[PDB]
Amino acid sequence: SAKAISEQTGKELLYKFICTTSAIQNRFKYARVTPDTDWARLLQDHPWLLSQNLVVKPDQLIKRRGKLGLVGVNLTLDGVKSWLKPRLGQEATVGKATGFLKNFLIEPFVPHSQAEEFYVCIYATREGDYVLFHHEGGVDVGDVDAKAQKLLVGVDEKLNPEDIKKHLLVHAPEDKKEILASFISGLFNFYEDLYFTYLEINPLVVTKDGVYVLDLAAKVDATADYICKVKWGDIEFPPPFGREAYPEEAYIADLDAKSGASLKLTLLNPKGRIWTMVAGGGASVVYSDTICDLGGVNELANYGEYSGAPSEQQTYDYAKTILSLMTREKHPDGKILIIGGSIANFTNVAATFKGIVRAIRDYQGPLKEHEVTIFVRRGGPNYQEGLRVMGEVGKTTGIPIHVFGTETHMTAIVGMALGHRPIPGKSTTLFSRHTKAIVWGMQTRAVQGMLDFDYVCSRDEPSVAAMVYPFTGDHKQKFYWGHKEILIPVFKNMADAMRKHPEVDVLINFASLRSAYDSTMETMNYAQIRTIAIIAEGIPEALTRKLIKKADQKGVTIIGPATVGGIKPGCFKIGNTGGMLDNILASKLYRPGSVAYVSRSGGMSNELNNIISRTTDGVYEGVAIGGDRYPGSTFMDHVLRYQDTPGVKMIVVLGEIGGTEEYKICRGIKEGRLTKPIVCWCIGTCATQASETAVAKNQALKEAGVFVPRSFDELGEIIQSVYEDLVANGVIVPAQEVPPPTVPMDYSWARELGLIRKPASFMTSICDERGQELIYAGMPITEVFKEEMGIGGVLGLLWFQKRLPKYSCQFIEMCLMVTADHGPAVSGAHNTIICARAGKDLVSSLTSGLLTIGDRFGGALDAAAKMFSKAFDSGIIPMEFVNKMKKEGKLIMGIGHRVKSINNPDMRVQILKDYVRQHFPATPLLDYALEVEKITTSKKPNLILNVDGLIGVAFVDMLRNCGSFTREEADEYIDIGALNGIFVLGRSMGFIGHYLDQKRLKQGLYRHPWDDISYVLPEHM
Amino acid sequence: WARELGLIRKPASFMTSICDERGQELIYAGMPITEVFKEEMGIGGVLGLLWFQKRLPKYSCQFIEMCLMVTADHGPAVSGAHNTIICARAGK
């Protein structure tokens, strides 16, 4: 939307970018004051205040302030500071609103004459731009739109000086005709290319020194920031003038800036009794329309909503804040909570109500004591289980929550809240049964959401011909037409969509705002397409008006942006209109009816389809246009096309506040163009030029001859009454019902709202990876480095799932550091040299080396633990353990060394020997290990504990001596073979080191020559 | 149970156009198991079916059977067979 700019920074960007032939003076002569600035800083940095006169004006978006007397006119340095005593920060009133005044703008006064004061204005319309100029300006313009000079400039058009001199400057000073028109040409490129919307300057001082601005007025679009972030810098649009914010109320806007969900909270009374918690965009202004109509303008407390697929935690916060705000003060007249809702397309009901059933559980105490009565009515995907649990939870807390389904009227519960009622070149036919369309963008769910609609209407052929996406290849995408598999091609360019299949006449775009425009301008060059509809949200208003010129001369109906889409039941459907198939079976949109409607937004569109489907035969053809400021098409273009369609027998209209559109329909029925039955309504009077309100639109349309509802609850009876009249003469024949084909839905969407089941394999209790942070066996990733444990620390977690303390973390890090590679002779490392010389790669030549860790190499760790852990826990004396073995064979594993045993240690078996001596209490095994050594070292000069033998017992002495492992994870983890895990993690780092050496030296293939083989083939066979 | 009476959907990975195994007879790429021995083709015949999915005629079935018969082992010197002696002596 066009957000108003604070006049300080718009004046900064004025002199920064505008370029003309005449001299623009006062470059960067701007100054700011607030109650939170001190006068010592701005007095020194900005020296041009203290030499001429100064003027001071409120930069807080108040209009016509010279006529209000809150401007500091023609004063000196300390003249404005004394003037800024009762105004800088204090309470004051302008118009109909009070509040503080904390911002003011300072610029030096430069004198002028009255004949050098000017008025200039440029504002944006749908059909072009006005440049609006008068040769005298200031605050004395008055009724200015009926006197100043006009010149219509169009979109994608440049401005000539020759029309300025002939039309614009015909009542202007002739001696100032150069300095006027050349400044206009500099502001025109300032206006057009930077996507401004409403610009006006008063007073524009064009003196004989040059051009000067004393005060500015600007409105720029906010949607074009994806192009204009880099040029505007960090542009800030402050809100308009008013009161200060409540503490929890602005806090919800901080949740609004978090996700794509758009949650808005606006009170009217801080202690009312009618409390609203409404889901949907167009639902919240219509419920509040029915509250002020029933007299509740005084005790209505809040109006707000939550949109943009609201999550649980974001609706847990939106719920729990306002139920905590409604229990600060009490009221003997009580309170009433309103929980409404429209037909949501694709989000679940009860999961979006899982937060509100939790937030009532936190403050169920005082919600009983404030004596509240709650109503709930909500529809969409599986609403009734959300209704059943919410009706149950009222009886648990003791408060009566009266539920309501989709069968009742939408605003009926506010009649039951306060007790008003008791509680029980174009085409004409756009789509057909033979229509085919092509979507843009990988949006396969909505393609599936379109394809199933063809199945329930029993259309003969599918409608989606191709998917145009330029960032993949050309292949065929699988879908499910009923139960079978169908192959829809995905294409890369738009011309190849035309070549094999030129029979497509409707083209759709589902891309985002950042690529919507280029996908459209190249499209309408191909004239075989007859209908284009745009869904994307965030489009600039110039890019909105750039598209309309091209289809005007060619004749393609645009149903463009901020649109959910349109429906022609029995024939064709655009987008996720209706949502999943539950609504399509609830309102019977698989066959036509006779009722047509046009609206702006989507939540109102499905609400008609609830109401009309229970009152008429069904819907014939209905389509929303969009909720932007500039709609793609007017209301008139379809309702005259409705007149040119024979199948409809009546026209229903839904109008909105703003825009002079419904008067054309009013003039359309006054000119006799409208002959069919017309029923209209304008939403949102809420009045608590006159051509923009809902008030005159409710009245001027009324005495043209239109059936007009007086409320929204009666809108069901208005269509009910007119349908009874249209069947009285028998022009609407009663259509028979034909039962539809039934379709399987999908899996992943069905399990998402949890209705089926599934058994689960794959236990895997390690390393949660989905979510936001990878949790390890007990810990997130970032918390590991805050304790800063080594990779022994993750070696505790990923293997043993206990927080292993960091005196032993350095042991198992030291443990694999000494069991590295052991030289290229050993039959483990000997394979991975061979598969290095054959030159495979790294990791297919690492795997040929870890295949040798078995029962005759390198698994001696496993024998040098289970020979000792048995013979100690069920153990015997040392000098019978050795006696038992040496009557059987079966030598003690982990013991035996060819080179250095006695009086000459291996110098690394003793390295571990002190590190297990210091930081290791309670060592039964290793002191039992050394006592098997001492008997044997006397027996032979060899037979010391090997490095594999000590680690066979130094690791089991790590387990049953440290904490967090009792006696059952200590023995089983040696039984599974996790002690082999120390080895083949250890020898793996050396094999690659063996490998990288064998590839740097660039060796050739090995052959192992014949003179060792000695073939022993037999005689003859 | 709910998929058995066919009401939900499921997308399908794992294309695998060979060797139907459920039912009563294992069908190969075009043929049940018992029909293979009635033509009585050799294991070159299944080497046509399981690799190329065409009924390869039996003048060339004996060729690809003869083709791997001459590309057997080539002596223990070669660096292919030299690894698998080593992992034999380690006794895995």
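First to last, the sequence lines map onto chains A and B.
Just so you know, the first sequence maps onto residues 2 to 425, 487 to 750, 767 to 1099 in full-length UniProt numbering.
To get full-length UniProt numbering, take the position in the second sequence, counting from 1, and add 826.
All residues carry an ideal CB built from backbone N, CA and C; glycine is no exception.
Quiz prompt | Sheet register partners of A/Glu201 (DSSP bridge) | solution = A/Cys122 and A/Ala218
Quiz item: Which whole-angstrom value is the C-beta distance of A/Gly632 and A/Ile621, which I expect to be below 8 Å?
Solution: Their Cβ separation, rounded to whole angstroms, is 19 Å, which puts A/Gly632 and A/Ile621 out of contact at 8 Å.
Practice problem: Tell me the start and end of each unbroken alpha helix (DSSP H) in the region 869-895 of chain B that is at least 4 residues and wholly inside, in chain order. | Solution: 869-878
Quiz item: In chain A, what lies closer than 9 Å to B/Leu831 by C-beta?
Solution: Here the premise fails: no neighbours, minimum Cβ distance about 11 Å.
Practice problem: Compile a chain-ordered list of the residues in the region 883-910 of chain B whose CB is closer than 9 Å to at least one CB of chain A. | Solution: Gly901, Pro902, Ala903, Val904, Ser905, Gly906, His908 and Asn909
Practice problem: Please list, in chain order, all residues of the same chain as A/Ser905 whose beta carbon is under 8 Å from its beta carbon, the five residues on each side excluded. | Solution: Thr930 and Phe935
Practice problem: Compute the distance between the beta-carbons of A/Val142 and A/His136, then report whether it is under 9 Å. | Solution: no
Practice problem: Kindly indicate if chain A contains any beta-carbon less than 9 Å away from that of B/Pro858. | Solution: no
Quiz item: Who are the neighbours of B/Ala916 on chain A, taking C-beta pairs under 7 Å?
Solution: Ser905, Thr930, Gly932, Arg934 and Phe935
Quiz item: In terms of DSSP beta bridges, what is A/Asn571 paired with?
Solution: A/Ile596
Practice problem: Report the neighbours of A/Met823 on chain B: residues whose CB is nearer than 8 Å to its CB, in chain order. | Solution: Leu833, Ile834 and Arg835
Quiz prompt | Cβ neighbours of A/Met867 in the same chain (closer than 7 Å, five flanking residues each side left out) | solution = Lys884 and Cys887
Quiz item: In three-state terms, what does DSSP make of A/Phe515?
Solution: helix
Self-check item: CA nearest to the CA of A/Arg507, picked from A/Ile424, A/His496 and A/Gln539
Solution: A/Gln539
Quiz item: If the cut is a Cβ gap below 7 Å, which residues of chain A does B/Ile912 touch?
Solution: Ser905, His908 and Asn909
Self-check item: Validate contact between the region 192-199 of chain A and the region 162-171 of chain A using beta carbons, cut 8 Å, 3 pairs
Solution: no
Quiz item: Which residues in chain A sit within 7 Å of B/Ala828, going by Cβ to Cβ distance?
Solution: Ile834
Quiz item: For a contact meaning CB atoms closer than 8 Å, what does A/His537 contact in chain B?
Solution: Near A/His537 there are no residues of chain B at all, since even the closest Cβ is about 14 Å away, more than 8 Å.
Quiz item: According to DSSP, is A/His332 helix, strand or coil?
Solution: coil
Exercise. Grab me the residues of A/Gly870's own chain with a C-beta within less than 7 Å of its C-beta, minus the 5 sequence neighbours each way, in chain order.
Key: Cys887, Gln888, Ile890 and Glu891
Exercise. Mark A/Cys845 as exposed unless 16 or more other C-beta atoms lie within 10 angstroms of its C-beta, in which case mark it buried.
Key: exposed
Quiz item: How would you write the range of the alpha helix (DSSP H) that A/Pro1002 sits in, first residue to last?
Solution: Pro1002 to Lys1017
Self-check item: Three or more C-beta pairs below 8 Å linking the region 678-686 of chain A and the region 651-665 of chain A
Solution: yes
Quiz item: Is B/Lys836 near the ligand ZN, in the sense that its beta carbon is under 8 Å from a heavy atom of that ligand?
Solution: The model on display carries no ligand, and the ligand ZN is accordingly not part of it.
Quiz prompt | Positions along the region 1063-1086 of chain A whose CB lies within less than 7 Å of some CB in chain B | solution = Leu1083, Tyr1084, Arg1085 and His1086
Quiz item: When we look at the beta-carbon of A/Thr99 and count the other beta-carbons within 10 Å, is it buried (16 or more) or exposed?
Solution: exposed
Quiz item: Whose CA, out of A/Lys498, A/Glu733, A/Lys1077 and A/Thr1014, lies closest to the CA of A/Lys918?
Solution: A/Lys1077
Quiz item: Based on Cα-Cα distance, which residue from A/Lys711, A/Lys82, A/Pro112 and A/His545 lies nearest to A/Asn807?
Solution: A/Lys711
Quiz item: Which partner residues does A/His135 have in the DSSP bridge list?
Solution: A/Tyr120
Practice problem: Between the Cα of A/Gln115 and those of A/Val154, A/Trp84 and A/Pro174, spot the shortest distance and give me the residue it belongs to. | Solution: A/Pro174
Quiz item: So which residues on chain E does A/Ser926 lean against when the C-beta distance must stay under 9 Å?
Solution: No chain E is part of this structure, whose protein chains are labelled A and B.
Exercise. Determine the closest residue to A/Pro564 out of A/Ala589, A/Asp580, A/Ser574 and A/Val811, with distance taken between C-alpha atoms.
Key: A/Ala589
Practice problem: Note down, in chain order, each residue of its chain lying with its Cβ closer than 6 Å to the Cβ of A/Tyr199, except the 5 sequence neighbours on either side. | Solution: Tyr124 and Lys220
Quiz item: Is the beta carbon of A/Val618 sitting closer than 9 Å to the one on A/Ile594?
Solution: yes
Quiz prompt | beta strand (DSSP E) segment containing A/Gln539, residue limits | solution = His537 to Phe541
Practice problem: Would you decide whether A/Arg1038 is buried or exposed? Buried here means 16 or more other CB atoms lie within 10 Å of its CB. | Solution: buried
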